[PDB]
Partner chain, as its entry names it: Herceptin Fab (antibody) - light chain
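Quick setup: one chain, the form solved without its partner chain, written in structure tokens, and binding and motion questions come after.
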């Protein structure tokens, strides 16, 4: 769904590639109404349309606005900031280092100076958790006029305020329409509307001075009237219009026994809303939650349709491969020689993999030797990464990422910098080579500064992406046409021109037929060394007991019964090489003793008990 977007989690760290940093933000927020993490707006230039932020109404985590030369940041409609994650772990709103003292970089008579001017938060009437940090904005006005105690929730511990008010600019008074002299800006529309301190007795939020005006106990930012259904924002969960404290549980008590879900009504907690099914990429627990990691003593299982859930390990919980950012690798940050052997023979990684210079270079104080390129083939068996994949560094003796040629999915439930499920920078590989990769579950893809990397536009990126607000961000790789110039283009057999690299082992869909992992013109349905059939565009072998049919088709399935015409002796179940003599059919069953005919048929033969017939043999 659009209207939900992921957080971000980069704090003050500089954009990985600045040339595409504004792009990531626009994709990531263009249609968004609820951020489900941190809204972080850092390093934005002076002339920078931020028109895409206009629809943001809730922020689940914190709001950071830091190191930007832009004058205004249009978050007018933003109403609540729940502060589930905090910046510096003690601030829901943090506003830092926006105007640059600038050093007369511009002419002495600059058209105007840079730096945020007013906060313009006409609708922020709720901060459920966390304080306010405001430092070193020289053009900033009105930060100190606001009454922040009104915004902080009744129950907001951490309601601290450190607000520098050093300004290079004198602030014109609040518009005269703002009796009280509290406002977010010069405009008459910027007056701080009050909803907590101006309340009648024993309430929490209110529309006005009296007890008629008091908001329902499940409201959070105010209300247009008294009922639940009348809130602006819900303290907990928006159950399709009504604000409630819990989502309806999924085990009702029918009057006669503990029956199953009121699920025509029972719902899953997903953020601050009740939903019927968890959205894509999230797991369902049995406790009515939508999650990104399962509960303890639990296992991720799947379903034929696609849905993933959590259920109890009724056995001992079978042991798993953790990636970085999980358990014993919770804070380690690189795949190195000290831990490479832990991923040996893993189909699926719970967590992430990052490869930094320190992986392949020494780091001798650690005493961890450099990672050998031979060691990377630990990952041949790997089909699924639940976290992200990040590669700052890669052996130059390797052309591609074939080591990960059986990677099918990257879930992106954990995201690098909070934003990216697949990042690749500074590598000088020549093509990607992830022939199996079929979906990036969450997040964007960032592929930049790979001098020799071709085979980027050849990838059908749009069919890896699931949720909107996913994109490929790319710059500073090798020029597309400098690639086809040198003879790097998809194999002619690659359907629609999509490949991960040179040759017929790298197509996305073969145009014609696929034998194994290579595209081919013809299966061996007629003229064939080994005879084979077709099945959903594949060449799969016939049974070794089907007989080659010179000119005509040789089989219709992989089994021996499926065969056209057997090459030796037949037993009705299927084509066989040797008629059975006294094999164990079951642990406690009679032995089947048969013999050939001249007709090739295995017929049973007459016996008593102790001596039998095996073509004249006891």
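For the two forms, the rigid core is made up of the largest set of C-alpha atoms that agree within 1.5 Å on superposition. Residue numbers count along the first chain shown, from 1.
Missing here is the form deposited with its partner chain bound; even so, the following discussion is about that form.
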{"property": "Contact at 521, 531 and 551 by its partner chain in the entry with it bound, all three, heavy atom at most 4.5 Å", "result": "no"}
{"property": "Non-hydrogen atom contact residue 12 with its partner chain in the entry with it bound at 4.5 angstroms", "result": "no"}
{"property": "In the entry with it bound, residue 561 touching its partner chain (heavy atom, 4.5 Å)", "result": "yes"}
{"property": "Any non-hydrogen atom of residue 570 within 4.5 angstroms of its partner chain in the entry with it bound", "result": "yes"}
{"property": "Which one of 539, 128, 453, 376, by Cα shift of 2 Å or more between this form and the one not shown, core superposed", "result": "539"}
{"property": "Residue 33: Cα shift of 2 Å or greater between this form and the one not shown (core-aligned)", "result": "no"}
{"property": "Is_shifted residue 53 between this form and the one not shown (CA, 2 Å cut-off, rigid core)", "result": "no"}
{"property": "Flag for residue 259, CA shift 2 Å or larger between this form and the one not shown after aligning core", "result": "yes"}
